[PDB]
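Enquirer: Attaching a single structure in structure tokens format; questions to follow.
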Amino acid sequence: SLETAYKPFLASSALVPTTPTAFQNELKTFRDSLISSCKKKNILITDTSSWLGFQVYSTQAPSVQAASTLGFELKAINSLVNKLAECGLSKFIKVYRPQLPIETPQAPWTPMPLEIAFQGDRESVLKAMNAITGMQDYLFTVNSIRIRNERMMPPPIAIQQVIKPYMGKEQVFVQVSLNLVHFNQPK
Amino acid sequence: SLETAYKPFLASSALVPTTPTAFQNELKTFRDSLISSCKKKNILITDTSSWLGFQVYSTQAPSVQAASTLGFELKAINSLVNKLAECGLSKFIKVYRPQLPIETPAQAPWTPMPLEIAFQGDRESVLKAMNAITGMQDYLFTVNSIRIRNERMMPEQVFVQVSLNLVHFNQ
């Protein structure tokens, strides 16, 4: 049923009144938890990645009007990055998030672009792909995928089963461009 | 060790004596056959793509010393592009081939040959083309990078650009 199918995303798309200082609190808390879990799980993570694409708000607080939407997007990105860290990757290289129009001074939903980049063995990378696809609390659609190999990856000896030979077995770099769907009031 | 693993690809890497004019003839024949097959199979193909990345030899013949190597590379690229055309894609956008060092008049266990292909089509034909690149038994194409785009941002054409390294096994 479509009602049960969209049940989890409608509840998670509900906005909550938030102040810019509360948003900074959430951002720093999520960043600290992510750095702790990455040091625990042996996942190297740059600072631009650890800021979850909100590095522009590390010092400058966001606008009052964009606080709720930015908080929702931060929740979604944090959940996605934690699902990815649960997959056993080896490095988070980049988490880029273009600024929404509400940040710079009515459709039934709003897309939010995001570009993540990670690096790891083929198994963990495929698990991360499945995690991006299969999240039930936030709807992330895969708009583009880039895959790069390293200088000494041996070719195979002579959807998820199609791009597997296109990845090195030991380490592969993967950059995914996604659109988070935030459901607004339909009418 | 390396022979047993890559055994099927070894036979096609043997070079054959070739003249620059014979290479140009072979190139023009492959280009005509490819354009004919694309017009029949309703697959749009640009002029730069039809030359299979050898457009620099459309008028000027190649060097004598690089003729055999260019013939091998042309055979491999032609087989790959025909395998792709058999998949029912909708467009061949680019087939770019950087010049090999043997071409410019200026002993490794193998020689890599770069190649950049780009095609466009529905998801089914794109997956068929990916499997065709994967499953080639006559020439070893190694995937150096692959990018996939859906054009119109979601929320049915799909663009795929693959950077490959053809492996030439020498004596």
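In the structure tokens, chains take letters A, B, ... by order of appearance, with residues numbered from 1 within each chain and ligands from 1 in the order shown.
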Could you tell me which residues of chain A sit within 7 Å of chain B when counting only C-alpha atoms, and give me the result as number ranges by chain?
Expert: A: 141, 143-149, 155, 157-158, 162, 165-166
Enquirer: Just give me the gap between atom CA of residue B:99 and atom CA of residue B:136 in Å, one decimal is fine.
Expert: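 For atom CA of residue B:99 relative to atom CA of residue B:136, the distance reads 23.3 Å.
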Enquirer: Contacts of residue B:29 at 12 Å or less, counting only C-alpha atoms, minus same-chain residues fewer than 5 places along, as a list in words?
Expert: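 Contacts, in chain order: residues 22, 23, 24, 34, 35, 36, 50, 51, 52, 58, 74, 75 and 78 of chain B.
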Enquirer: Just list the residues in stretch 5-165 of chain B DSSP gives strand (DSSP E) on the backbone, as JSON, numbers by chain.
Expert: {"B": [44, 45, 91, 92, 93, 94, 95, 96, 111, 112, 113, 114, 115, 116, 117, 118, 119, 120, 121, 141, 142, 143, 144, 145, 146, 147, 148, 149, 158, 159, 160, 161, 162, 163, 164, 165]}
Enquirer: Please produce a file of those selected residues containing N, CA and C atoms, as an mmCIF file, in the first residue's frame.
Expert:
```cif
data_model
loop_
_atom_site.group_PDB
_atom_site.id
_atom_site.type_symbol
_atom_site.label_atom_id
_atom_site.label_comp_id
_atom_site.auth_asym_id
_atom_site.auth_seq_id
_atom_site.Cartn_x
_atom_site.Cartn_y
_atom_site.Cartn_z
ATOM 1 N N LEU B 44 21.554 7.251 -32.753
ATOM 2 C CA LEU B 44 22.231 8.468 -33.179
ATOM 3 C C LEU B 44 23.704 8.427 -32.791
ATOM 4 N N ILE B 45 24.560 8.863 -33.709
ATOM 5 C CA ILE B 45 26.004 8.832 -33.499
ATOM 6 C C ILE B 45 26.615 10.054 -34.169
ATOM 7 N N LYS B 91 21.997 6.809 -28.126
ATOM 8 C CA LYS B 91 22.944 7.804 -28.618
ATOM 9 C C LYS B 91 24.365 7.421 -28.228
ATOM 10 N N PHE B 92 25.288 7.531 -29.184
ATOM 11 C CA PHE B 92 26.725 7.501 -28.920
ATOM 12 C C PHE B 92 27.215 8.946 -28.926
ATOM 13 N N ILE B 93 27.595 9.456 -27.759
ATOM 14 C CA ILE B 93 27.908 10.874 -27.627
ATOM 15 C C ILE B 93 29.377 11.161 -27.917
ATOM 16 N N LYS B 94 30.290 10.353 -27.382
ATOM 17 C CA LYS B 94 31.713 10.613 -27.538
ATOM 18 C C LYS B 94 32.493 9.308 -27.486
ATOM 19 N N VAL B 95 33.505 9.200 -28.346
ATOM 20 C CA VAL B 95 34.498 8.127 -28.282
ATOM 21 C C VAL B 95 35.854 8.809 -28.457
ATOM 22 N N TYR B 96 36.478 9.183 -27.342
ATOM 23 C CA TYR B 96 37.734 9.919 -27.350
ATOM 24 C C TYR B 96 38.890 8.979 -27.031
ATOM 25 N N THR B 111 50.835 -3.085 -21.912
ATOM 26 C CA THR B 111 50.746 -1.678 -22.273
ATOM 27 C C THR B 111 49.306 -1.218 -22.097
ATOM 28 N N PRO B 112 49.055 -0.170 -21.315
ATOM 29 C CA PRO B 112 47.702 0.383 -21.225
ATOM 30 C C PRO B 112 47.427 1.390 -22.330
ATOM 31 N N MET B 113 46.185 1.386 -22.798
ATOM 32 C CA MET B 113 45.739 2.293 -23.852
ATOM 33 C C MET B 113 44.482 2.992 -23.367
ATOM 34 N N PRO B 114 44.520 4.302 -23.156
ATOM 35 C CA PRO B 114 43.350 4.994 -22.614
ATOM 36 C C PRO B 114 42.237 5.093 -23.642
ATOM 37 N N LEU B 115 41.011 5.205 -23.138
ATOM 38 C CA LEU B 115 39.850 5.353 -24.004
ATOM 39 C C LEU B 115 38.716 5.945 -23.181
ATOM 40 N N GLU B 116 37.982 6.886 -23.766
ATOM 41 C CA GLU B 116 36.829 7.482 -23.102
ATOM 42 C C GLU B 116 35.616 7.352 -24.007
ATOM 43 N N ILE B 117 34.624 6.581 -23.570
ATOM 44 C CA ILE B 117 33.384 6.428 -24.319
ATOM 45 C C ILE B 117 32.259 7.081 -23.533
ATOM 46 N N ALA B 118 31.230 7.512 -24.256
ATOM 47 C CA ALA B 118 30.058 8.117 -23.641
ATOM 48 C C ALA B 118 28.834 7.725 -24.449
ATOM 49 N N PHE B 119 27.810 7.215 -23.773
ATOM 50 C CA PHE B 119 26.582 6.852 -24.458
ATOM 51 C C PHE B 119 25.384 7.293 -23.629
ATOM 52 N N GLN B 120 24.209 7.174 -24.238
ATOM 53 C CA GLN B 120 22.976 7.698 -23.670
ATOM 54 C C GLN B 120 21.826 6.793 -24.083
ATOM 55 N N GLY B 121 20.972 6.455 -23.126
ATOM 56 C CA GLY B 121 19.833 5.607 -23.411
ATOM 57 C C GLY B 121 19.091 5.251 -22.142
ATOM 58 N N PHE B 141 39.237 -4.751 -21.359
ATOM 59 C CA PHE B 141 39.000 -3.351 -21.036
ATOM 60 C C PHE B 141 38.850 -3.239 -19.525
ATOM 61 N N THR B 142 39.730 -2.468 -18.900
ATOM 62 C CA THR B 142 39.689 -2.256 -17.463
ATOM 63 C C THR B 142 39.027 -0.920 -17.170
ATOM 64 N N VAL B 143 38.149 -0.913 -16.174
ATOM 65 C CA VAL B 143 37.373 0.276 -15.850
ATOM 66 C C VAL B 143 38.218 1.175 -14.957
ATOM 67 N N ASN B 144 38.644 2.313 -15.496
ATOM 68 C CA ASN B 144 39.369 3.276 -14.682
ATOM 69 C C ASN B 144 38.414 4.226 -13.975
ATOM 70 N N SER B 145 37.326 4.614 -14.640
ATOM 71 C CA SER B 145 36.291 5.406 -13.987
ATOM 72 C C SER B 145 34.988 5.273 -14.762
ATOM 73 N N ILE B 146 33.871 5.474 -14.067
ATOM 74 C CA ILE B 146 32.554 5.482 -14.700
ATOM 75 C C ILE B 146 31.688 6.525 -14.002
ATOM 76 N N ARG B 147 31.017 7.364 -14.790
ATOM 77 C CA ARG B 147 30.063 8.341 -14.286
ATOM 78 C C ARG B 147 28.699 8.109 -14.924
ATOM 79 N N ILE B 148 27.644 8.227 -14.117
ATOM 80 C CA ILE B 148 26.273 7.977 -14.552
ATOM 81 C C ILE B 148 25.402 9.154 -14.126
ATOM 82 N N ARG B 149 24.658 9.714 -15.078
ATOM 83 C CA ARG B 149 23.754 10.833 -14.851
ATOM 84 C C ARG B 149 22.367 10.492 -15.375
ATOM 85 N N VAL B 158 19.353 8.210 -19.744
ATOM 86 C CA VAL B 158 20.461 8.128 -18.798
ATOM 87 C C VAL B 158 21.762 8.205 -19.583
ATOM 88 N N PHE B 159 22.701 8.998 -19.075
ATOM 89 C CA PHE B 159 23.998 9.226 -19.699
ATOM 90 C C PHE B 159 25.083 8.502 -18.916
ATOM 91 N N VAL B 160 25.961 7.793 -19.621
ATOM 92 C CA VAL B 160 27.021 7.019 -18.990
ATOM 93 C C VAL B 160 28.326 7.326 -19.708
ATOM 94 N N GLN B 161 29.325 7.784 -18.954
ATOM 95 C CA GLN B 161 30.652 8.073 -19.483
ATOM 96 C C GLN B 161 31.658 7.173 -18.783
ATOM 97 N N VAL B 162 32.351 6.342 -19.556
ATOM 98 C CA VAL B 162 33.291 5.368 -19.017
ATOM 99 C C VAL B 162 34.685 5.692 -19.533
ATOM 100 N N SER B 163 35.638 5.795 -18.612
ATOM 101 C CA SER B 163 37.053 5.905 -18.930
ATOM 102 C C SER B 163 37.690 4.546 -18.668
ATOM 103 N N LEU B 164 38.219 3.936 -19.726
ATOM 104 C CA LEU B 164 38.704 2.567 -19.738
ATOM 105 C C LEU B 164 40.168 2.536 -20.151
ATOM 106 N N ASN B 165 40.833 1.446 -19.777
ATOM 107 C CA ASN B 165 42.214 1.181 -20.160
ATOM 108 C C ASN B 165 42.255 -0.177 -20.846
#
```
Enquirer: Applying 9 Å and only C-alpha atoms, which residues near residue B:109 remain after dropping the ones on its own chain fewer than 5 positions away? List them as number ranges by chain.
Expert: B: 169-171
Enquirer: DSSP says alpha helix (DSSP H) for which residues of stretch 3-170 of chain B? Put them as a tab-separated table (two decimals) with N, CA and C atoms, in the first residue's frame?
Expert:
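Result file result.tsv:
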```
chain	number	residue	atom	x	y	z
B	3	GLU	N	49.33	-15.21	-17.16
B	3	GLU	CA	48.79	-15.84	-18.35
B	3	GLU	C	47.52	-16.62	-18.05
B	4	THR	N	47.54	-17.45	-17.01
B	4	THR	CA	46.38	-18.28	-16.70
B	4	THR	C	45.16	-17.44	-16.34
B	5	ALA	N	45.36	-16.31	-15.65
B	5	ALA	CA	44.21	-15.51	-15.21
B	5	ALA	C	43.55	-14.79	-16.38
B	7	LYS	N	44.03	-15.49	-19.69
B	7	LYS	CA	44.28	-16.33	-20.86
B	7	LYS	C	43.44	-15.98	-22.10
B	8	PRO	N	42.13	-15.74	-22.02
B	8	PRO	CA	41.37	-15.51	-23.27
B	8	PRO	C	41.79	-14.25	-24.01
B	9	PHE	N	42.28	-13.23	-23.31
B	9	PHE	CA	42.64	-11.95	-23.91
B	9	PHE	C	44.00	-11.97	-24.60
B	10	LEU	N	44.83	-12.98	-24.32
B	10	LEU	CA	46.20	-13.01	-24.84
B	10	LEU	C	46.24	-13.13	-26.36
B	20	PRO	N	50.36	2.31	-42.97
B	20	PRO	CA	49.44	3.41	-42.62
B	20	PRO	C	48.24	3.52	-43.55
B	21	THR	N	48.43	3.26	-44.84
B	21	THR	CA	47.30	3.30	-45.77
B	21	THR	C	46.33	2.15	-45.51
B	22	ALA	N	46.85	0.96	-45.20
B	22	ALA	CA	45.97	-0.15	-44.84
B	22	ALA	C	45.20	0.15	-43.56
B	23	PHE	N	45.85	0.81	-42.59
B	23	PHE	CA	45.15	1.20	-41.38
B	23	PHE	C	44.05	2.21	-41.68
B	24	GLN	N	44.33	3.18	-42.56
B	24	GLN	CA	43.31	4.16	-42.92
B	24	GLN	C	42.13	3.48	-43.62
B	25	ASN	N	42.41	2.52	-44.50
B	25	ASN	CA	41.35	1.78	-45.16
B	25	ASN	C	40.49	1.02	-44.15
B	26	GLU	N	41.14	0.29	-43.23
B	26	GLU	CA	40.42	-0.44	-42.20
B	26	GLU	C	39.57	0.51	-41.35
B	27	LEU	N	40.12	1.67	-41.01
B	27	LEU	CA	39.39	2.65	-40.21
B	27	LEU	C	38.15	3.15	-40.94
B	28	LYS	N	38.31	3.50	-42.22
B	28	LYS	CA	37.17	4.00	-42.99
B	28	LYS	C	36.10	2.92	-43.15
B	29	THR	N	36.52	1.67	-43.35
B	29	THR	CA	35.56	0.58	-43.47
B	29	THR	C	34.79	0.38	-42.17
B	30	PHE	N	35.50	0.37	-41.04
B	30	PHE	CA	34.83	0.22	-39.75
B	30	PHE	C	33.89	1.39	-39.49
B	31	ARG	N	34.29	2.60	-39.87
B	31	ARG	CA	33.43	3.77	-39.68
B	31	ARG	C	32.16	3.66	-40.51
B	32	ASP	N	32.29	3.26	-41.78
B	32	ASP	CA	31.11	3.11	-42.63
B	32	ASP	C	30.18	2.02	-42.10
B	33	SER	N	30.74	0.87	-41.72
B	33	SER	CA	29.92	-0.20	-41.17
B	33	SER	C	29.22	0.25	-39.89
B	34	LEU	N	29.92	1.02	-39.04
B	34	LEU	CA	29.33	1.48	-37.80
B	34	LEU	C	28.20	2.48	-38.06
B	35	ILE	N	28.40	3.40	-39.00
B	35	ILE	CA	27.35	4.37	-39.32
B	35	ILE	C	26.13	3.66	-39.90
B	36	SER	N	26.37	2.66	-40.76
B	36	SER	CA	25.27	1.89	-41.33
B	36	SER	C	24.50	1.15	-40.24
B	37	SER	N	25.23	0.47	-39.35
B	37	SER	CA	24.57	-0.28	-38.28
B	37	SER	C	23.83	0.63	-37.31
B	38	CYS	N	24.34	1.84	-37.08
B	38	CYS	CA	23.65	2.76	-36.19
B	38	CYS	C	22.40	3.33	-36.84
B	39	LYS	N	22.46	3.64	-38.13
B	39	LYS	CA	21.26	4.10	-38.83
B	39	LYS	C	20.21	3.00	-38.89
B	40	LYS	N	20.64	1.75	-39.07
B	40	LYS	CA	19.69	0.64	-39.07
B	40	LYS	C	19.08	0.43	-37.70
B	47	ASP	N	29.70	12.67	-35.53
B	47	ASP	CA	30.78	12.43	-36.48
B	47	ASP	C	32.09	12.12	-35.77
B	48	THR	N	32.36	12.81	-34.66
B	48	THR	CA	33.56	12.51	-33.88
B	48	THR	C	33.53	11.10	-33.31
B	49	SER	N	32.34	10.60	-32.96
B	49	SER	CA	32.23	9.25	-32.42
B	49	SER	C	32.42	8.19	-33.51
B	50	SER	N	31.92	8.45	-34.72
B	50	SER	CA	31.99	7.44	-35.77
B	50	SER	C	33.42	7.12	-36.16
B	67	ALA	N	51.77	1.68	-36.78
B	67	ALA	CA	50.64	1.20	-37.58
B	67	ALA	C	50.04	-0.07	-37.00
B	68	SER	N	50.88	-1.03	-36.61
B	68	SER	CA	50.37	-2.30	-36.07
B	68	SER	C	49.65	-2.08	-34.74
B	69	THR	N	50.24	-1.27	-33.86
B	69	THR	CA	49.61	-1.00	-32.57
B	69	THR	C	48.29	-0.27	-32.75
B	70	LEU	N	48.24	0.70	-33.66
B	70	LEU	CA	46.98	1.39	-33.94
B	70	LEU	C	45.96	0.44	-34.54
B	71	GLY	N	46.40	-0.52	-35.36
B	71	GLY	CA	45.46	-1.50	-35.88
B	71	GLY	C	44.87	-2.37	-34.79
B	72	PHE	N	45.70	-2.82	-33.85
B	72	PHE	CA	45.19	-3.57	-32.71
B	72	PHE	C	44.18	-2.75	-31.92
B	73	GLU	N	44.53	-1.50	-31.60
B	73	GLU	CA	43.64	-0.66	-30.82
B	73	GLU	C	42.33	-0.40	-31.56
B	74	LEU	N	42.41	-0.23	-32.88
B	74	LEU	CA	41.21	0.00	-33.68
B	74	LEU	C	40.32	-1.24	-33.69
B	75	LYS	N	40.91	-2.42	-33.83
B	75	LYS	CA	40.14	-3.66	-33.75
B	75	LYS	C	39.41	-3.75	-32.41
B	76	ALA	N	40.13	-3.47	-31.32
B	76	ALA	CA	39.53	-3.58	-29.99
B	76	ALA	C	38.39	-2.58	-29.81
B	77	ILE	N	38.62	-1.33	-30.21
B	77	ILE	CA	37.60	-0.30	-30.04
B	77	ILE	C	36.39	-0.59	-30.92
B	78	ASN	N	36.62	-1.10	-32.13
B	78	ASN	CA	35.51	-1.45	-33.01
B	78	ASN	C	34.67	-2.58	-32.43
B	79	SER	N	35.32	-3.61	-31.89
B	79	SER	CA	34.58	-4.70	-31.27
B	79	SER	C	33.78	-4.20	-30.07
B	80	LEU	N	34.38	-3.33	-29.25
B	80	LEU	CA	33.67	-2.80	-28.09
B	80	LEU	C	32.46	-1.97	-28.51
B	81	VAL	N	32.63	-1.08	-29.49
B	81	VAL	CA	31.54	-0.21	-29.90
B	81	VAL	C	30.42	-1.00	-30.57
B	82	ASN	N	30.76	-2.07	-31.31
B	82	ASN	CA	29.72	-2.90	-31.89
B	82	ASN	C	28.97	-3.68	-30.82
B	83	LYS	N	29.69	-4.21	-29.83
B	83	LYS	CA	29.03	-4.85	-28.69
B	83	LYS	C	28.08	-3.89	-28.01
B	84	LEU	N	28.47	-2.62	-27.88
B	84	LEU	CA	27.60	-1.63	-27.26
B	84	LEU	C	26.38	-1.34	-28.13
B	85	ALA	N	26.58	-1.20	-29.44
B	85	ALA	CA	25.47	-0.92	-30.34
B	85	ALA	C	24.46	-2.06	-30.36
B	123	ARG	N	17.47	2.95	-19.08
B	123	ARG	CA	18.21	2.21	-18.07
B	123	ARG	C	18.49	0.78	-18.51
B	124	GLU	N	17.54	0.15	-19.21
B	124	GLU	CA	17.71	-1.24	-19.63
B	124	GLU	C	18.86	-1.37	-20.62
B	125	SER	N	18.87	-0.53	-21.66
B	125	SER	CA	19.95	-0.57	-22.63
B	125	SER	C	21.28	-0.17	-22.00
B	126	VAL	N	21.26	0.73	-21.02
B	126	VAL	CA	22.49	1.14	-20.36
B	126	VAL	C	23.08	-0.01	-19.55
B	127	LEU	N	22.23	-0.76	-18.84
B	127	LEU	CA	22.70	-1.93	-18.11
B	127	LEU	C	23.20	-3.00	-19.07
B	128	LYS	N	22.53	-3.17	-20.21
B	128	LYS	CA	23.01	-4.11	-21.21
B	128	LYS	C	24.39	-3.72	-21.72
B	129	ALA	N	24.61	-2.42	-21.94
B	129	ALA	CA	25.91	-1.94	-22.41
B	129	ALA	C	26.99	-2.13	-21.34
B	130	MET	N	26.65	-1.88	-20.08
B	130	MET	CA	27.60	-2.12	-19.00
B	130	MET	C	28.00	-3.59	-18.93
B	131	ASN	N	27.02	-4.49	-19.02
B	131	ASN	CA	27.33	-5.92	-19.01
B	131	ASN	C	28.14	-6.32	-20.24
B	132	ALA	N	27.90	-5.67	-21.38
B	132	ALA	CA	28.68	-5.97	-22.58
B	132	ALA	C	30.13	-5.55	-22.41
B	133	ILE	N	30.36	-4.36	-21.85
B	133	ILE	CA	31.72	-3.94	-21.53
B	133	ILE	C	32.36	-4.92	-20.55
B	134	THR	N	31.58	-5.38	-19.57
B	134	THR	CA	32.10	-6.31	-18.57
B	134	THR	C	32.47	-7.65	-19.19
B	135	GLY	N	31.60	-8.19	-20.03
B	135	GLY	CA	31.70	-9.56	-20.49
B	135	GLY	C	32.49	-9.81	-21.75
```
Enquirer: So the first atom is atom CA of residue A:28 and the second is atom CA of residue A:8; what is the distance between them in Å, to one decimal place?
Expert: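 Straight-line distance from atom CA of residue A:28 to atom CA of residue A:8 works out to 26.0 Å.
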Enquirer: Could you jot down the atom CA of residue A:128 to atom CA of residue A:87 separation for me, Å, one decimal place?
Expert: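 Straight-line distance from atom CA of residue A:128 to atom CA of residue A:87 works out to 5.7 Å.
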Enquirer: If we count only C-alpha atoms, what is near residue A:74 at a cut-off of 10 Å, once residues fewer than 3 positions away on the same chain are taken out, given as number ranges by chain?
Expert: A: 23, 26-27, 30, 51-54, 68-71, 77-80
Enquirer: Kindly save the residues from that selection, with C-alpha atoms included, as an mmCIF file, in the first residue's frame.
Expert:
```cif
data_model
loop_
_atom_site.group_PDB
_atom_site.id
_atom_site.type_symbol
_atom_site.label_atom_id
_atom_site.label_comp_id
_atom_site.auth_asym_id
_atom_site.auth_seq_id
_atom_site.Cartn_x
_atom_site.Cartn_y
_atom_site.Cartn_z
ATOM 1 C CA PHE A 23 20.515 24.525 15.159
ATOM 2 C CA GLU A 26 22.344 20.150 16.971
ATOM 3 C CA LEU A 27 25.116 20.592 14.394
ATOM 4 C CA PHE A 30 25.991 15.557 15.578
ATOM 5 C CA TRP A 51 30.419 19.347 9.313
ATOM 6 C CA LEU A 52 27.818 17.483 7.194
ATOM 7 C CA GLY A 53 27.910 20.242 4.591
ATOM 8 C CA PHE A 54 26.998 22.912 7.161
ATOM 9 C CA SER A 68 13.428 24.563 10.700
ATOM 10 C CA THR A 69 14.243 23.471 7.145
ATOM 11 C CA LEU A 70 17.986 23.433 7.855
ATOM 12 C CA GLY A 71 17.326 21.395 10.993
ATOM 13 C CA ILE A 77 22.057 14.060 6.463
ATOM 14 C CA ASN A 78 23.148 12.884 9.917
ATOM 15 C CA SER A 79 20.992 9.757 9.653
ATOM 16 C CA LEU A 80 22.342 9.030 6.161
#
```
Enquirer: Which residues come within 6 Å of stretch 109-123 of chain A, counting only C-alpha atoms, excluding same-chain residues fewer than 6 positions away, as number ranges by chain?
Expert: A: 89-97, 169-184
Enquirer: Which residues are close to residue A:85, i.e. within 8 Å by only C-alpha atoms, leaving aside same-chain residues fewer than 4 positions away? Reply as a ChimeraX atom specification.
Expert: /A:38,41,43,81,89
Enquirer: For each of A:160, A:59, A:33, A:49, take the minimum atom-to-atom distance to residue A:20, counting only C-alpha atoms, then give the residue where this is smallest.
Expert: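 Among A:160, A:59, A:33, A:49, it is A:59 that comes nearest to residue A:20.
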